[PDB]
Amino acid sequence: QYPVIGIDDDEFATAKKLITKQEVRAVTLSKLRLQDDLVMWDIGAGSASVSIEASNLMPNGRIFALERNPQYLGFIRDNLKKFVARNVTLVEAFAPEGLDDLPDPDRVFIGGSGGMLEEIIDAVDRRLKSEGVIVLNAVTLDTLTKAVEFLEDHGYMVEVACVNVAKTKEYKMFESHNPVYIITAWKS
């Protein structure tokens, strides 16, 4: 038995710095404005933690987890079978390659672009359904800069939320995670 959202980060097969951590994952899910029956793309899925929890939010939605890295693909395989996330389909693809075969998306999360950010945004803009939402998480200045630029260029309203989290595990010292910029884009 796992919670609907808020699965502990340690339960995912992952690498250091790869996982969308629990708290930011929850905010990311929230920004995606999910409802049942939608199609969602998770570009650069990593460990697929965002996909897995989104699948719990949309039991009859369809989630397409895209990842090109062989090590990460192994993580995802192990996770999808641990968490019984049957409405998630793993797709081996270097986005924007592999998107043409996917059904039109209501929701797109961009966890990793692999140097292809502008190309992914353009490809997604052409495919995104009416009332669609794009969410990206960014930890670097260049990705933050360029994502805001490219989304605004396509006429998206854009919100940027910078989320800082510090936690005590005794002696309770607050340890900070690095900041995550959750960028949310839609048509008004």
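Just count from 1 along the sequence shown to find any residue number.
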| query | finding |
| --- | --- |
| Count class of deposited residues lacking coordinates, residue 169 to residue 170 | 1 to 3 |
| Of 22 to 30 and 56 to 64, the stretch whose C-alpha atoms average the higher B-factor in the entry | 56 to 64 |
| Entry-level comparison of average CA B-factors, 124 to 132 and 41 to 49, reporting the higher stretch | 124 to 132 |
| CA B-factor ranking of residue 84, expressed as a third of its chain | highest |
| Residue 96 - which third its CA temperature factor falls in, relative to the rest of the chain | highest |
| Within-chain third of residue 152 by Cα B-factor, per the entry | highest |
| Chain-relative CA temperature factor third for residue 105 | middle |
| Residue 159, C-alpha B-factor rank within chain (lowest, middle or highest third) | lowest |
